[PDB]
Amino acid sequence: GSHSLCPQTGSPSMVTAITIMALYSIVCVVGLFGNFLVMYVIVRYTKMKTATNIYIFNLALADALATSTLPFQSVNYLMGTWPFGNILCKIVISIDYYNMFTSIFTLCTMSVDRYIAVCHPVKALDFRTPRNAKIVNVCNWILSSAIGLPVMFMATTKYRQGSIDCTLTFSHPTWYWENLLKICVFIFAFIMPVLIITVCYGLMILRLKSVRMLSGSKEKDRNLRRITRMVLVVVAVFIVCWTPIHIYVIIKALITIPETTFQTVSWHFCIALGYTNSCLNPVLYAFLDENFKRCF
C-alpha cells in the first residue's frame, strides 16, 4: 500500500513543483489564518456561552489542525520521502484522520441543528443548549476515534525503493482490511455527510416554503431566497472540495493509472481541494453566521 509516497519518476518540471508547493502553502496559510481568526474572535469577544459558538469553535479548531498537517505534506512531496521519522508519522496521520472527521461531523451537526430548529422547534428547546452542544462534540470525537486511534497504531514508516513512505500497515489479509478502511472513510467522510446535509437542509427549506400568513409575504419569498442560496452554497462547497479526492482514492484502489505529470498534478490538486474545505468553513459557518457576524 502506497500512501504518502507517489511513485514518481521522471522528476518533475520546474513549473509543476512550484505549482504544487504554492498550492500546499497557500491552503495552509489561508486555513491557519482564517481558523485562528475565528478562534480568536470567539475566545476574545463572543465567549462560547451559546451552542452555535461552541460548534463554530469546534469546527475552527478541527479545520486549523487539518491544515497544520500540510507543511509535513509539502516537504514529503518536495523531497520524495518522509523525513520526520516514525513518531511524527503516527502523530500527523492521526491528527489528519481525526480532524477530517471532526470537521465533517461538526458541519453535519450544524445542519442537523438547523433542521431541528425549523422542523422540530419544540424539541429544539431541549437540543439547542450549550450543554448539549458540548456533549455532541464529545460524541463526535468518540466516533472519530473509531478511525483516529487505530491509525495511530497502524501508521508507520517503511522503506519503499530507497525512499520513505509514511503508510498504514494492516492485519492479514491486508487486501481486505485496507480496502475496508478506504470504504469506511469514503462512507463516513463523504457519503453519509452529503446525505445528512442535503436531507436536513432540504427538509428545512420545505418546511419554510410551506408557511403561509394572511399578509406575509414578499418578505417570506425574500427570506427563502437568501436561505436557499446559502444552502446551495454550503452543499456545493462541500461537494466540490471533497468529491475529487474521494473518487480519486477509490479509482486508485481499483485500477492502475499511468504515472504522468497530469496524474501527479491532479492528485495533489485533489488533495488540496479537501483542505480547501477547511479554508472555506470559517467563511460559511462563522463569518456568515448571524450572531458571530455582528462582532466586530
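Throughout, we count residues from 1 along the sequence that is shown.
Q: Quick one: higher average CA temperature factor, 77-85 or 122-130?
A: Taking the mean B-factor of the alpha carbons in each, 77-85 is higher.
Q: Taking the recorded C-alpha temperature factors, which stretch has the higher mean, 162-170 or 194-202?
A: The stretch with the larger mean CA B-factor is 162-170.
Q: When you compare the CA B-factors of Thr50, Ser68, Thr260, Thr243 as listed in the entry, which one comes out on top?
A: Answer for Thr50, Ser68, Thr260, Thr243: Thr260, with the highest C-alpha B-factor.
Q: Among the modelled residues of this chain, does the Cα B factor of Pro12 put it in the lowest, middle or highest third?
A: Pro12: CA B-factor falls in the highest third of its chain.
Q: Hey, what third does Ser266 fall into on Cα B-factor, ranked over its chain?
A: Middle third by C-alpha B-factor.
Q: Relative to the other modelled residues in the chain, which third contains the C-alpha temperature factor of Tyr55: lowest, middle or highest?
A: It belongs to the lowest third of the chain when residues are ordered by C-alpha B-factor.
Q: Among the chain's modelled residues, which third holds the C-alpha B-factor of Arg114?
A: Tercile = lowest for this residue's CA B-factor.
Q: Split into thirds by Cα B-factor across the chain's modelled residues, where does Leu61 land: lowest, middle or highest?
A: Ranked within chain, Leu61 CA B lands in the lowest tercile.
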